[PDB]
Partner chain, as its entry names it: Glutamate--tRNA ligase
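Only one chain is given next, in C-alpha cells, and it is the form solved without its partner chain.
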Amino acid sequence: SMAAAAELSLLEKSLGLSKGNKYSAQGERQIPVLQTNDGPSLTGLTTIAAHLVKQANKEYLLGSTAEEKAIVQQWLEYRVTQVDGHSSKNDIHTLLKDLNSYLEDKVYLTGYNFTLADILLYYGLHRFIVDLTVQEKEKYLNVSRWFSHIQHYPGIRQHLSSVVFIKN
C-alpha cells in the first residue's frame, strides 16, 4: 500500500488544502498522526482524512444524509481492513468480484454522489488495478468503469499513472 503520509498529501491536494501538514507516524504499523490546530492529536488514516475534509469545508464528501454517511464510513473501513490487508493477486479477486457486483448499478460508491469513499478506495486499489491484465479488466467491468471515472475526476489522479481502459 501507499504510505499513509503519501496518501494524505495526495488527499490534501485533491481537497485544495494549501497547506502541507506534518504527519508523524506511531507504532509498528506506522499509523499516521496529525497534530491538530489546535491542539490534540488525531490518529488513523480515515480519521485524519475526514478531519481534512471538514478543514477544507467540503463536508458533503462525507455524505449528506444519515444513510450516505453510514455508507461512506463502511467503505472507508473496508478500505483500511480489507484492501490494505492483501497483496498481489489472489485474495484480491474475491474482493474485486464483490466490488464488481456492488458497482453494477452505481456510478460512485454511495450512488450518484462522489464522496471521500471514492477517493480513498481509488488510491487504495490503484496498485492492484494498475497490474490488471486486459482480460481481468473485462472480467471486472463495473470496477473498471468506476475506476476509469475516478481517475479522470478533476484533481484526484495527480501523479498516479493512468490505467488504460477501452470502453467498455
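Numbering follows the first chain given and starts at 1.
We do not show the form deposited with its partner chain bound, though everything after this point is about it.
**Q** Quick one: does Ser161 come within 4.5 Å of its partner chain in the deposited bound form, counting heavy atoms only?
**A** Because no heavy atom of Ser161 falls inside 4.5 Å of its partner chain in the deposited bound form, the answer is no.
**Q** Mark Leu141 yes when one of its heavy atoms lies within 4.5 Å of a heavy atom of its partner chain in the deposited bound form, and no otherwise.
**A** Yes - in the deposited bound form, heavy atoms of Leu141 and its partner chain come within 4.5 Å of each other.
**Q** Under a 4.5 Å heavy atom criterion, is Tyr108 part of the interface with its partner chain in the deposited bound form?
**A** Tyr108: yes, in contact with its partner chain in the deposited bound form.
**Q** May I ask you to state whether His152 is within 4.5 Å of its partner chain in the deposited bound form, using heavy atom distances?
**A** Yes.
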